[PDB]
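In what follows, a single structure is set out as structure tokens and then discussed.
In this analysis, Cβ positions are derived from the backbone assuming ideal geometry, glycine residues included, and neighbour counts consider all displayed protein chains. Any read-out appearing in this document is the output of simple, stated calculations on the displayed coordinates, not a laboratory observation.
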Ligand SMILES: O=C(O)CNC(=O)c1cccc(O)c1
């Protein structure tokens, strides 16, 4: 038994809710929140900007030190950093950005990072401003992630379509 409430069960291990992931992280304070990162950890908008804003920019300060030491992530890659006031840890995962020409086949590699963590609060990777079809992203999630994932979908209209079209 964990602290997540009001999620619709899709599979053995995948759960979904219409929720602001920032508000969800503040309420639950999960072990791991997933950020929809880019390779530079420049948290300007969507999930990364909202979580970064909720940390009062401490996520961006930490991220800049990480990049100055280690260089950019890979598309499909991740790093673990502090969760600040939102979570124990933030798993920054880079899904492919369709609006930048990145290989959508990298979405499965991106989701494989979640398997290193027993439980996560996460967005649908490569959805929103990353330009992928959220229906596709949910299918890859269900077919790739084996650990327990709690998906927060910001848009109520998209949430209802994700549930009602789920195979
Ligand atoms: O849910 C998604 O797939 C995309 N969500 C966002 O971009 C987002 C989530 C929470 C706050 C916010 O300003 C944007």
Inset, instruction - Scan the range 150-167 for residues that are loosely packed, with under 14 Cβ neighbours inside 10 Å and within 9 Å of the ligand (Cβ to nearest atom) and jot them down. - result: 155
Legend entry - Total residues in the range 19-38, condition more than 14 Å from the chain's Cα centre (by Cα) and more than 12 Å from residue 121 (Cβ to Cβ): 0
Inset, instruction - Identify all residues within the range 132-149 that are touching a residue at least 60 places away in the same chain (Cβ under 8 Å), touching a helix residue (DSSP H, G or I) at 6+ places or on another chain (Cβ under 8 Å) and away from the ligand (no atom under 11 Å from the Cβ); write none if there are none. - result: 141, 145, 146, 147, 149
Inset, instruction - For residue 70, state whether it is touching a strand residue (DSSP E or B) at 6+ places or on another chain (Cβ under 8 Å) and on the phi < 0 side of the Ramachandran plot. - result: yes
Inset, instruction - Look at residue 90 and say whether it is within 16 Å of the ligand (Cβ to nearest atom), in contact with a strand residue (DSSP E or B) (Cβ under 7 Å, 6 or more places away or on another chain) and more than 26 Å from residue 160 (Cβ to Cβ). - result: yes
Inset, instruction - Report whether or not residue 67 is in a helix (DSSP H, G or I), more than 13 Å from the chain's Cα centre (by Cα) and within 14 Å of the ligand (Cβ to nearest atom). - result: no
Inset, instruction - Exactly one condition in (1) in contact (Cβ under 8 Å) with a residue 24 or more places away in the chain; (2) more than 14 Å from the ligand (Cβ to nearest atom); (3) surrounded by fewer than 16 Cβ atoms within 10 Å (Cβ to Cβ) is not met by residue 129; state its number. - result: (2)
Legend entry - Total residues in the range 28-61, condition within 14 Å of the ligand (Cβ to nearest atom) and either surrounded by 15 or more Cβ atoms within 10 Å (Cβ to Cβ) or in contact (Cβ under 8 Å) with a residue 60 or more places away in the chain (or both): 18
